[PDB]
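S.K.: If it helps, the file is called my_file-v9.txt and holds compact mmCIF, C-alpha atoms:
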```
# COMPACT_ATOMS: atom_id res chain seq x y z
CA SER A 27 10.43 152.62 72.02
CA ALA A 28 9.38 149.21 73.35
CA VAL A 29 8.70 150.41 76.90
CA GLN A 30 6.56 153.28 75.64
CA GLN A 31 4.42 150.89 73.58
CA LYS A 32 3.71 148.81 76.68
CA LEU A 33 3.07 151.83 78.88
CA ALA A 34 0.63 153.22 76.30
CA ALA A 35 -1.15 149.86 76.21
CA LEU A 36 -1.27 149.72 80.00
CA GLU A 37 -2.76 153.22 80.01
CA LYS A 38 -5.30 152.28 77.34
CA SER A 39 -6.35 149.19 79.31
CA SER A 40 -6.80 151.29 82.45
CA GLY A 41 -9.27 153.95 81.24
CA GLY A 42 -7.16 156.65 82.88
CA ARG A 43 -4.16 158.90 82.28
CA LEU A 44 -0.72 157.58 83.20
CA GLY A 45 2.52 159.50 83.71
CA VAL A 46 5.92 157.86 84.17
CA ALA A 47 9.46 159.14 84.58
CA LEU A 48 12.44 156.84 85.08
CA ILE A 49 16.00 158.02 85.66
CA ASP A 50 18.70 155.38 85.19
CA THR A 51 21.60 157.05 86.94
CA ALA A 52 24.02 154.54 85.42
CA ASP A 53 24.04 156.45 82.13
CA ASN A 54 21.64 159.23 83.20
CA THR A 55 19.21 157.94 80.59
CA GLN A 56 15.53 158.69 81.01
CA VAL A 57 12.30 156.88 80.22
CA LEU A 59 9.29 159.22 80.07
CA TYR A 60 5.59 158.72 79.37
CA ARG A 61 3.56 161.94 79.55
CA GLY A 62 6.68 163.18 81.32
CA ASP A 63 5.77 166.88 80.94
CA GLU A 64 2.04 166.68 81.68
CA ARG A 65 0.87 168.01 85.04
CA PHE A 66 -0.60 165.52 87.52
CA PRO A 67 -2.11 166.18 90.88
CA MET A 68 0.55 165.24 93.41
CA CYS A 69 -1.64 164.40 96.31
CA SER A 70 0.43 162.94 99.18
CA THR A 71 3.59 162.71 97.06
CA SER A 72 4.05 166.41 97.90
CA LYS A 73 4.83 165.29 101.47
CA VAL A 74 8.40 164.44 100.32
CA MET A 75 9.04 168.04 99.31
CA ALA A 76 7.70 169.37 102.62
CA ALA A 77 9.69 166.95 104.80
CA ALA A 78 12.82 167.69 102.76
CA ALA A 79 12.28 171.43 103.19
CA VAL A 80 12.19 171.00 106.97
CA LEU A 81 15.31 168.83 106.71
CA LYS A 82 17.02 171.65 104.79
CA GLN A 83 16.05 174.00 107.65
CA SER A 84 17.60 171.59 110.17
CA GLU A 85 20.95 172.09 108.40
CA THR A 86 21.06 175.51 110.12
CA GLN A 87 18.79 174.77 113.10
CA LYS A 88 20.67 171.70 114.28
CA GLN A 89 18.11 170.58 116.89
CA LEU A 90 15.08 171.40 114.70
CA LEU A 91 13.97 167.79 114.16
CA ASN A 92 13.78 167.40 117.94
CA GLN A 93 11.52 170.42 118.52
CA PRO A 94 8.14 169.46 120.03
CA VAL A 95 4.98 170.55 118.20
CA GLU A 96 1.55 170.62 119.84
CA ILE A 97 -1.20 168.47 118.33
CA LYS A 98 -4.54 170.09 119.11
CA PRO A 99 -8.09 168.84 118.37
CA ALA A 100 -8.58 171.60 115.78
CA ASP A 101 -5.46 170.42 113.94
CA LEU A 102 -7.19 167.29 112.69
CA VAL A 103 -8.33 167.01 109.13
CA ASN A 104 -9.38 164.18 106.79
CA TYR A 105 -6.84 161.37 107.51
CA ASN A 106 -4.74 161.47 110.66
CA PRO A 107 -3.58 157.92 111.71
CA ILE A 108 -0.55 158.97 113.79
CA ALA A 109 -1.42 162.49 114.95
CA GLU A 110 -4.83 161.45 116.31
CA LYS A 111 -2.88 159.36 118.86
CA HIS A 112 -1.18 162.45 120.31
CA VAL A 113 -3.95 165.05 120.52
CA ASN A 114 -3.47 167.33 123.54
CA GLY A 115 0.16 166.21 123.56
CA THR A 116 3.14 166.89 121.34
CA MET A 117 5.11 165.29 118.54
CA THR A 118 8.56 166.32 117.38
CA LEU A 119 9.18 167.47 113.82
CA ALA A 120 11.01 164.16 113.33
CA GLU A 121 7.97 162.14 114.43
CA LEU A 122 5.78 164.41 112.29
CA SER A 123 8.02 163.92 109.26
CA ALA A 124 7.97 160.16 109.82
CA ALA A 125 4.18 160.20 110.21
CA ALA A 126 3.71 162.23 107.03
CA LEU A 127 6.07 160.08 104.99
CA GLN A 128 5.47 156.56 106.30
CA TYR A 129 1.73 156.70 107.10
CA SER A 130 0.64 159.62 104.86
CA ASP A 131 -0.69 161.50 107.91
CA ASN A 132 -2.38 164.70 106.71
CA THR A 133 -2.18 166.49 110.07
CA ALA A 134 1.57 165.86 110.12
CA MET A 135 1.90 167.35 106.61
CA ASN A 136 0.07 170.45 107.80
CA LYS A 137 2.51 170.86 110.71
CA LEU A 138 5.40 170.64 108.24
CA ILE A 139 3.73 173.26 106.02
CA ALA A 140 3.22 175.53 109.04
CA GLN A 141 6.88 175.13 110.06
CA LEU A 142 7.79 176.33 106.55
CA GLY A 143 5.50 179.38 106.65
CA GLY A 144 2.66 178.03 104.50
CA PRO A 145 2.47 176.20 101.16
CA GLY A 146 4.57 178.91 99.54
CA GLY A 147 7.42 177.81 101.79
CA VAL A 148 7.29 174.31 100.30
CA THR A 149 7.18 175.63 96.72
CA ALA A 150 10.08 177.93 97.62
CA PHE A 151 12.26 174.98 98.61
CA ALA A 152 11.44 173.32 95.28
CA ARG A 153 12.56 176.41 93.35
CA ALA A 154 15.67 176.63 95.55
CA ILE A 155 16.81 173.18 94.39
CA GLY A 156 16.01 173.88 90.73
CA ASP A 157 12.47 172.49 90.47
CA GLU A 158 10.56 175.10 88.45
CA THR A 159 7.51 172.87 88.01
CA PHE A 160 6.37 171.75 91.48
CA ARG A 161 3.67 173.94 92.98
CA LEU A 162 2.02 173.49 96.36
CA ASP A 163 -0.98 175.79 96.71
CA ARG A 164 -3.18 174.30 99.43
CA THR A 165 -2.86 172.53 102.76
CA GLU A 166 -4.37 169.16 103.67
CA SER A 167 -6.77 167.98 102.80
CA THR A 168 -8.02 170.25 100.01
CA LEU A 169 -4.82 169.66 98.02
CA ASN A 170 -6.26 166.24 96.97
CA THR A 171 -9.23 167.47 94.92
CA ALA A 172 -7.23 166.41 91.83
CA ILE A 173 -9.65 168.25 89.57
CA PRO A 174 -9.00 167.61 85.86
CA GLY A 175 -6.99 170.51 84.43
CA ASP A 176 -6.49 172.37 87.73
CA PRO A 177 -2.83 173.46 88.01
CA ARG A 178 -2.93 173.77 91.82
CA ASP A 179 -0.87 171.19 93.72
CA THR A 180 0.58 169.57 90.60
CA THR A 181 3.93 168.62 89.12
CA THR A 182 5.11 166.63 86.13
CA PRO A 183 6.72 163.18 86.15
CA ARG A 184 9.95 164.60 84.70
CA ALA A 185 10.28 167.28 87.38
CA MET A 186 9.48 165.05 90.35
CA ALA A 187 11.85 162.30 89.28
CA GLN A 188 14.75 164.77 89.01
CA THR A 189 13.85 166.35 92.36
CA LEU A 190 13.54 163.00 94.12
CA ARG A 191 16.94 162.08 92.67
CA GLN A 192 18.53 165.32 93.90
CA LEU A 193 17.02 164.84 97.37
CA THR A 194 17.89 161.20 98.02
CA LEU A 195 20.87 160.44 95.76
CA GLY A 196 22.25 163.91 94.97
CA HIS A 197 23.24 166.57 97.45
CA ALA A 198 20.25 168.91 97.56
CA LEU A 199 20.38 168.11 101.30
CA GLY A 200 23.19 167.65 103.78
CA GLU A 201 24.40 164.09 104.20
CA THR A 202 22.78 163.58 107.59
CA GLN A 203 19.54 165.01 106.20
CA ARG A 204 19.56 162.94 103.01
CA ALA A 205 20.30 159.76 104.97
CA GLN A 206 17.31 160.49 107.20
CA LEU A 207 15.05 161.07 104.19
CA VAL A 208 16.28 157.81 102.63
CA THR A 209 15.60 155.99 105.91
CA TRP A 210 12.11 157.47 106.16
CA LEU A 211 11.28 156.49 102.58
CA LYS A 212 12.57 152.94 103.00
CA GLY A 213 10.25 152.56 106.00
CA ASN A 214 7.07 153.63 104.23
CA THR A 215 4.13 151.41 105.18
CA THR A 216 1.66 152.44 102.44
CA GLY A 217 3.37 151.26 99.31
CA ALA A 218 3.16 147.52 99.19
CA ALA A 219 0.68 147.40 96.32
CA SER A 220 2.19 150.20 94.24
CA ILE A 221 5.63 150.45 92.74
CA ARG A 222 7.08 147.83 95.13
CA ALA A 223 4.64 145.23 93.78
CA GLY A 224 6.04 145.40 90.24
CA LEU A 225 9.73 145.17 91.13
CA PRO A 226 11.99 142.19 91.92
CA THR A 227 11.88 141.37 95.62
CA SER A 228 15.68 141.60 95.84
CA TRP A 229 15.57 145.36 95.14
CA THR A 230 15.48 147.81 98.05
CA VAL A 231 12.88 150.57 97.63
CA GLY A 232 11.97 153.81 99.34
CA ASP A 233 8.75 155.43 98.20
CA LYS A 234 5.96 157.91 98.91
CA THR A 235 2.45 157.10 97.67
CA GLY A 236 -0.34 159.53 96.94
CA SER A 237 -4.09 159.12 96.65
CA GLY A 238 -6.88 161.55 95.84
CA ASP A 240 -10.17 162.24 94.12
CA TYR A 241 -10.61 161.25 90.47
CA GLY A 242 -9.08 157.91 91.52
CA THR A 243 -5.70 159.58 91.61
CA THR A 244 -3.12 156.93 92.52
CA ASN A 245 0.54 157.97 92.70
CA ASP A 246 3.91 156.65 93.80
CA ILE A 247 7.41 158.08 93.68
CA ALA A 248 10.31 155.81 94.46
CA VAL A 249 14.06 155.53 94.69
CA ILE A 250 15.15 151.99 93.84
CA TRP A 251 18.37 150.17 94.79
CA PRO A 252 18.90 147.00 92.76
CA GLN A 253 21.79 144.78 93.74
CA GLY A 254 24.95 145.32 91.72
CA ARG A 255 23.90 148.28 89.58
CA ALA A 256 23.38 152.01 90.04
CA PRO A 257 20.07 153.01 91.65
CA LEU A 258 17.10 154.35 89.70
CA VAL A 259 14.40 156.91 90.40
CA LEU A 260 10.87 156.07 89.28
CA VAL A 261 7.79 158.29 89.32
CA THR A 262 4.36 156.86 88.46
CA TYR A 263 1.28 159.13 88.45
CA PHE A 264 -2.22 158.06 87.46
CA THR A 265 -5.59 159.80 87.43
CA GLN A 266 -9.02 159.00 86.08
CA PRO A 267 -12.04 160.66 84.42
CA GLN A 268 -14.61 159.99 87.19
CA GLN A 269 -14.53 162.04 90.40
CA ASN A 270 -15.54 158.97 92.44
CA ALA A 271 -13.19 156.52 90.69
CA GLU A 272 -11.54 153.77 92.73
CA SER A 273 -7.85 153.63 93.54
CA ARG A 274 -5.76 151.78 90.93
CA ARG A 275 -2.48 150.91 92.67
CA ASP A 276 -2.21 147.93 90.27
CA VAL A 277 -1.51 150.34 87.40
CA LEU A 278 1.52 151.70 89.26
CA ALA A 279 2.73 148.16 89.96
CA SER A 280 2.32 147.21 86.29
CA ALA A 281 4.07 150.38 85.14
CA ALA A 282 7.04 149.57 87.39
CA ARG A 283 7.08 145.98 86.12
CA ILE A 284 7.19 147.23 82.52
CA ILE A 285 10.00 149.67 83.37
CA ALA A 286 11.98 147.02 85.26
CA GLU A 287 11.81 144.74 82.18
CA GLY A 288 13.40 147.41 80.01
```
Please express the file's structure as structure tokens.
M.R.:
Amino acid sequence: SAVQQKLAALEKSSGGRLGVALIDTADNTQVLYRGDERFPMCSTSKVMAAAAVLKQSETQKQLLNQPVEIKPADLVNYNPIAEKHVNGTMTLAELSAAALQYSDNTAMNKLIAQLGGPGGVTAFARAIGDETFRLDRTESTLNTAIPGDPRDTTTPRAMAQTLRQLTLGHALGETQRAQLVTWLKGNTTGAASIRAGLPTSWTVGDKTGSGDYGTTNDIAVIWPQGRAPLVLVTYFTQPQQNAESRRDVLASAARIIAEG
């Protein structure tokens, strides 16, 4: 196709490996580039964990309001929100917001613990029909993004369908899905990623991810004005373990998709 030519050229210019999945819910058509290759998720896995806790809150009605202790030993690699509350508490709502909107790794670990470990996040994925997602480690070792390692990976195809089911479909209850959509729309980390390649008049909710091997990810639900929303997944990873972040590739991939 024309979009796949331009994505392949973008990838070639970049020196890395690019994966894209678009779902146009208007006609349920799909655009895929390396749509079935595994990519390390990095922080994009935070969406699955927060959604799993939201699914729990469908039965435990006050769950999101339950306080969770933040202790000094809880801290790991990147904790911008949780480090403010050490020797205090945060609710599962404030932890879900921290994980999603600031990519707080300590908050992700509290969500994983609430679910019974990483297997509890993978379980929720299988429960909503995602056979591909796998969460194997906690923060921050899940970001090693080692070439060929299947741990903590998914494919663009699988994550686009899951993100659609979570935020536009009914994998969650309506209250829960509205809260996930709100959280995603308030992300603070995505300005240079998918959002940067899309028309300013479109509303976006997204979760970025970053890791070793210059892994630079973004998964987004996109609300253009007038037409049905879209779901866009852009994953990117690089040959060098110390490679720099390349959020510009995700922006350019979104731009190419939006023009097609």
S.K.: Work out how far CA of residue 68 (chain A) is from CA of residue 269 (chain A), in Å to one decimal.
M.R.: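 Separation between CA of residue 269 (chain A) and CA of residue 68 (chain A): 15.7 Å.
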S.K.: Could you check which of A:271, A:221, A:90, A:103 is closest to residue 166 (chain A), using only C-alpha atoms?
M.R.: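 Nearest to residue 166 (chain A): A:103.
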S.K.: Within 8 Å of region 136-145 of chain A, counting all atoms listed in the file, which residues show up once you throw out same-chain ones fewer than 6 positions away? Write them as a VMD selection string, please.
M.R.: chain A and resid 76 to 77 79 to 80 95 119 122 to 123 162 to 166
S.K.: Could you check the closest approach to residue 226 (chain A) for each of A:106, A:192, A:253, A:265 and tell me which residue wins, using only C-alpha atoms?
M.R.: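 The closest residue to residue 226 (chain A) is A:253.
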S.K.: Excluding region 30-46 of chain A and its own-chain neighbours fewer than 6 positions away, which residues fall within 8 Å of it when counting only C-alpha atoms? Please give them as a ChimeraX atom specification.
M.R.: /A:57,59-62,64,66,182-184,260-267,277,280-281,284
